[PDB]
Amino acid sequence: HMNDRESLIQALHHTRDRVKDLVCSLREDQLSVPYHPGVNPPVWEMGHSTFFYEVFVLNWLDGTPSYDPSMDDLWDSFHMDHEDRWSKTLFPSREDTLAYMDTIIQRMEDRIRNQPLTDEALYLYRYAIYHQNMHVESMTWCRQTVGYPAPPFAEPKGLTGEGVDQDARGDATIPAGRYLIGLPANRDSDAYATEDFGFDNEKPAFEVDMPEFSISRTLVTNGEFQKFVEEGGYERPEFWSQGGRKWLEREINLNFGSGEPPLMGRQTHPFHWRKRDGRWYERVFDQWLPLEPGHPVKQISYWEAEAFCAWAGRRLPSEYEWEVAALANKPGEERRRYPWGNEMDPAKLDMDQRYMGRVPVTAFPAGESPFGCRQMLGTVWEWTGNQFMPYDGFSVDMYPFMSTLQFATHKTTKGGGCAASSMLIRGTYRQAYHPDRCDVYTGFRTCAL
């Protein structure tokens, strides 16, 4: 699991190598990426994700000073502003920043090893490693947005071998009743650092009288979404909401990521789609691969999903509806953090930056939920209808900006993404994304009206 020095130390090394492979694989000319509201300079993410260790572990527990105190405000995500991260005068070189990382990674490992494994240190150990892995995803989707080559550790072609399409397709009517949502608060549990670990957005736990509903056991596929495109949905202003219709009227460079000159216009299909000689294609980092039909529709907005749900007479689930259909945890019963149980097998889901969402929607049957819903935890951040809002009883974490900057404006997505790492995923997990975003690995399944 994640209660072992070994597991932590292995996770720390896996993460550092992920970051290292992400930044060294780039050419010096590529380290300064094209500006985009959702991307960040990769060397900065390496430094920033390393500073978190110094702040919320090394200095937090031992008072250890910073490696270079001069950068203690330039690595901070709250203090530093997005546009000023593309400086090349304020920030050290990829070579010097790599040393900074490797030094702090060693300091981290040394403390994990040569200092007591208090529940406090464990909670902080995991929080920090996870935060770096949250940036492994950011750096990975930066490459997709700016059109850089795929990360070395990735297999973006996807599960081509297990290309399949079982009869699992269908909605699962879920039994009504009282279900348990979320994780216990850290003060109310002596396992806050172990079996009850979660971020502030997942706490405090609560119960819900849930009416029965039917949710598709399968994610919406490229082919299913194709019909909505072919039927002119993006031009039918009826299936789109007020914000959806405003999002439809945006004028954006539809050629961002493509090495082709800027082309300003309105979106008529998923941003990363393009029809070539009648065949639908999809940009996969530096290549335009054919859009396989049984693969999930990915990198689409909440409005694109909203419109599809209306055009299909279906609905988006709520995040509570989602969690009960994923873990089916009921108050007083034994609970599970994963739809398959409480032990994590990286093989039961498309995560850890590998198949990159190009998996048959009806794959990973071992990660099936109690209700038969497949590929819930992972593949693509599934849009929900609820707005990211604090659970009643919210308490900020030691990192108080984990959720407080993304309330109301953002929508709750659940599950996990091809670019997100498996050590941090949980059914209770909540990831906020702005509903206008098409740069993140988002998808959706549909409920029944």
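Quick note: we count residues from 1 along the sequence shown, nothing fancier.
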item	value
Segment of higher mean CA temperature factor, 123 to 131 or 300 to 308	300 to 308
Comparing 171 to 179 with 191 to 199, the one whose average Cα B-factor in the PDB entry is higher	171 to 179
Highest recorded Cα temperature factor - choice among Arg94, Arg143, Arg111, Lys330	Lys330
Criterion, highest CA B-factor; candidates, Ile105, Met80, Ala99, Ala185	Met80
Within-chain third of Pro149 by Cα B-factor, per the entry	lowest
Third of chain Cα B-factors occupied by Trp75	lowest
Within-chain third of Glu137 by Cα B-factor, per the entry	lowest
For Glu282, the third of its chain into which the C-alpha B factor falls	middle
Modelled-residue ranking by C-alpha temperature factor, third containing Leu263	middle
